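1. got a sequence here, can you build the structure:
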Amino acid sequence: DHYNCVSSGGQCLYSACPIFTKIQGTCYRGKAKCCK
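-> Numbers count the residues shown, from 1 in each chain. Sure, the structure comes next:
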């Protein structure tokens, strides 16, 4: 979820995770990626 994503040092994105990060969870009712 967004809270845990950001508090665990990730970023919520709908787009592909940017270079040097990868998907670790979701945000926004499942519709976005947690990228770290």
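2. can you show me the helices along this structure?
-> Listed in chain order, the helices of the chain (DSSP state H) span 2-7.
3. now the residue positioned nearest the centre of the chain: how far from residue 27?
-> For the chain, the residue nearest the mean C-alpha position is residue 34 (1.1 Å; Cα atoms, centre = their mean). For residue 34, the distance to residue 27 equals 5 Å [Cβ to Cβ, to the nearest Å]. Using the backbone N, CA and C atoms, a C-beta is placed for each residue, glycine as well.
4. mutual contacts of the two, please.
-> With contacts defined as Cβ atoms under 8 Å, 6 or more residues apart in numbering, the residues shared by residue 34 and residue 27 are 5, 12.
5. what is the neighbour count of residue 36?
-> For residue 36, the count of nearby residues is 16 (other Cβ atoms under 10 Å).
6. check contacts around the closest residue to it other than its chain neighbours.
-> Nearest residue to residue 36, sequence neighbours excluded (Cβ to Cβ, 6 or more residues apart in numbering): residue 10, at 3.8 Å. Neighbouring residues of residue 10 by Cβ under 8 Å, 6+ apart: 21, 24, 25, 34, 35, 36.
7. likewise for residue 36?
-> Contacts of residue 36 by Cβ under 8 Å, 6+ apart are 5, 8, 9, 10, 11, 21, 22, 24.
8. now swap in residue 5 and tell me
-> With Cβ under 8 Å, 6+ apart, residue 5 has these contacts: 11, 12, 24, 25, 26, 27, 34, 36.
9. quick check: it vs residue 34, distance?
-> From residue 5 over to residue 34 (counting by Cβ to Cβ), the distance is 4 Å.
10. how about residues contacting stretch 13-23?
-> Outside stretch 13-23, the residues that reach it (Cβ under 8 Å, 6+ apart) are 10, 11, 28, 31, 32, 33, 34, 35, 36.
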